[PDB]
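What follows is a short report on a single structure.
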Amino acid sequence: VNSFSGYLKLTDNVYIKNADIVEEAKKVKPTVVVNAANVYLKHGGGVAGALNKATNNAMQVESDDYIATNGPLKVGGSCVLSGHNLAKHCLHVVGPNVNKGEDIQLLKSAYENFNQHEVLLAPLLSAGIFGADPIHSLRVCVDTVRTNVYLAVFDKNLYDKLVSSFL
Ligand SMILES: COC(=O)C[C@H]1CN(c2ncnc3[nH]c4cc(F)ccc4c23)CCO1
């Protein structure tokens with residue numbers, strides 16, 4: 001039993017809710033919140049900008065030190081950093097950004113990072129400003145992640161479409 005509330009169960013291990021991931025993280029304080037990161041960990045907008053703003057820019061400060069030490073992530077890759085006031089840990093995962101021309105096949109590699117964590121609160125990778133089709137992202141999630149994932153979808157209209165079209 002865990003503390004996630006109001007989710008629709010899609011599969012054995014995937015759950016979905018119309019929610020603001022920032023507000024959901026603030027309430028649940030999950031072990032892991034996933035950030036929709038880019039390779040530079042520049043958290044300017046979308047989910048990343050919202051998560052970083054909620055940490056009062058502490059996420060960005062920590063991220064800048066990470067990059068100065070380690071260099072950029074790979075598209076499809078991830079790193080574990082602090083969850084600050086939102087979660088124990090933040091798993092920064094880089095999905096391909098279609099608006100940069102990145103290969104959508106890398107979306108499966110991106111979701112594989114979730115399998116290193118037993119339970120996660122996450123957004124749909126490569127959705128929103130990353131330019132992928134969220135219906136496709138949900139399909140890849142369900143077909144790739146085997147650990148327990150609670151998906152937060154900000155837009156109510158999109159949430160209803162994702163549920164109604166789910167096979
Ligand atoms: C348009 O709706 C989509 O297609 C998906 C969007 C929105 N993203 C989010 N997902 C879950 N919670 C979210 N809180 C946020 C707060 C913000 F200031 C910005 C984005 C999000 C956000 C996912 C990727 O892009």
Side-chain angles (χ1 to χ4, degrees), residues 2-7 15-102 106-107 109-132 134 137-138 140-141 145 147-159 162:
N2 64 54
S3 158
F4 287 105
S5 173
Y7 285 74
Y15 293 81
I16 195 166
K17 184 187 184 175
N18 174 215
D20 183 341
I21 193 173
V22 170
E23 279 319 295
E24 185 79 1
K26 280 200 291 187
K27 146 181 135 43
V28 174
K29 290 292 233 84
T31 305
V32 180
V33 66
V34 174
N35 182 32
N38 58 53
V39 297
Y40 307 111
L41 302 179
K42 286 174 59 110
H43 309 302
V47 169
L51 283 180
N52 176 58
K53 179 179 178 185
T55 76
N56 180 45
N57 210 51
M59 178 181 285
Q60 190 64 67
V61 170
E62 179 194 29
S63 292
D64 287 351
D65 170 82
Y66 173 92
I67 296 287
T69 297
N70 301 109
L73 295 180
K74 301 170 179 183
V75 180
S78 70
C79 67
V80 180
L81 291 172
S82 178
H84 300 278
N85 54 316
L86 302 181
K88 185 176 198 300
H89 302 107
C90 179
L91 181 69
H92 294 273
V93 180
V94 184
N97 190 324
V98 176
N99 305 316
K100 303 172 175 179
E102 294 166 353
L106 289 168
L107 186 54
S109 301
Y111 274 116
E112 288 170 341
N113 295 286
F114 290 24
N115 289 321
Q116 301 295 318
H117 302 278
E118 288 188 3
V119 182
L120 315 87
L121 171 62
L124 285 169
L125 298 180
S126 297
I129 67 174
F130 281 62
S137 182
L138 177 57
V140 178
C141 181
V145 181
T147 55
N148 289 147
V149 57
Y150 292 89
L151 295 167
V153 177
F154 180 56
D155 188 70
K156 173 57 161 156
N157 188 294
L158 174 59
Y159 169 85
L162 286 167

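Here, residue 1 is the first one in the sequence, and each next residue gets the next number.
With hydrogens and angles ignored, the 3.5 Å screen pairs a side-chain donor or acceptor of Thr147 with a backbone N or O of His117. Of the possible donor and acceptor atoms, none in the side chain of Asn56 sits under 3.5 Å from a partner among the backbone N and O of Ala58. Side-chain atoms of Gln60 come within 3.5 Å of backbone N or O of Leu41 as a donor-acceptor pair. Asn18 places a side-chain N or O within 3.5 Å of a backbone atom of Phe154 that can act as its donor or acceptor partner. Judged purely by atom type and a 3.5 angstrom limit, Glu62 uses its side chain to pair as donor or acceptor with the backbone of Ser82. Listed for the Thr31 side chain is no donor-acceptor partner under 3.5 Å among the backbone atoms of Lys88. A donor-acceptor pair under 3.5 Å links the side-chain atoms of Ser137 to the main chain of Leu125, judged by distance alone. For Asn85 (side chain) and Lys26 (main-chain N/O), no donor-acceptor pair under 3.5 Å exists by modelled atom type.
Taking CG of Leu162 as the start and CG of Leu151 as the end, the distance is 9.0 Å to the nearest 0.5 Å. Note that CD1 of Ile16 is 6.5 Å distant from OH of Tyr159, once rounded to the nearest 0.5 Å. Atom CG of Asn2 and atom OH of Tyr7 lie 9.0 Å apart (nearest 0.5 Å). Taking SG of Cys79 as the reference point, atom NE2 of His89 lies at 12.0 Å (rounded to 0.5 Å). In this structure, the separation between CD on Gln116 and OG on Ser78 is 8.0 Å, given to the nearest 0.5 Å. A distance of 4.5 Å separates CG in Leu121 from CD1 in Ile21, rounded to the nearest 0.5 Å.
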From CA spacing to verdict: side-chain contact (heavy atoms from CB on, under 4.5 Å), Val22, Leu51 = CA-CA 6 Å; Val22 170; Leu51 283 180; 3.8 Å; yes
May I have the step-by-step check of side-chain contact (heavy atoms from CB on, under 4.5 Å) for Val47 and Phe130, ending in yes or no?
-> CA-CA 10 Å; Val47 169; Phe130 281 62; over 6 Å; no
Does the side-chain contact (heavy atoms from CB on, under 4.5 Å) test come out yes or no for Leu120 and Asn148, once each step is laid out?
-> CA-CA 6 Å; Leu120 315 87; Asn148 289 147; over 6 Å; no
Please assess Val75 against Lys100 for the test side-chain contact (heavy atoms from CB on, under 4.5 Å), listing each intermediate value before the final yes or no.
-> CA-CA 11 Å; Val75 180; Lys100 303 172 175 179; over 6 Å; no
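Counting non-hydrogen atoms of neighbouring residues, nucleotides and ligands closer than 6.0 angstrom, the NZ atom of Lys74 reaches no more than 12 such neighbours. Annotation: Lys42, atom NZ; neighbour count of heavy atoms from other residues, nucleotides and ligands within 6.0 Å does not exceed 12.
Test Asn35, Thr55, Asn52 against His43 for side chain to side chain donor-acceptor pair (under 3.5 Å) and you get one pass: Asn35.
Pairing each heavy atom of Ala25 with each of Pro30, the nearest pair is O-CD, 3.6 Å. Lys17 and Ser5 make their closest contact through NZ-O, 2.8 Å (heavy atoms, listed as atom of the first residue, atom of the second, distance). Scanning both residues, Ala110 and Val93, for their nearest heavy atoms gives O-CG1, 3.4 Å. The two residues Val149 and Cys141 come nearest to each other via the heavy atoms CG1-SG, 4.1 Å. The two atoms that bring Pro96 and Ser126 nearest to each other are O-OG, 2.7 Å, heavy atoms only. Counting all heavy atoms, side chain and backbone alike, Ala37 lies closest to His92 at CB-CB, 3.9 Å.
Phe4 and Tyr150 have parallel rings, their planes meeting at less than 30° on a 0 to 90° scale where 60° marks the start of perpendicular.
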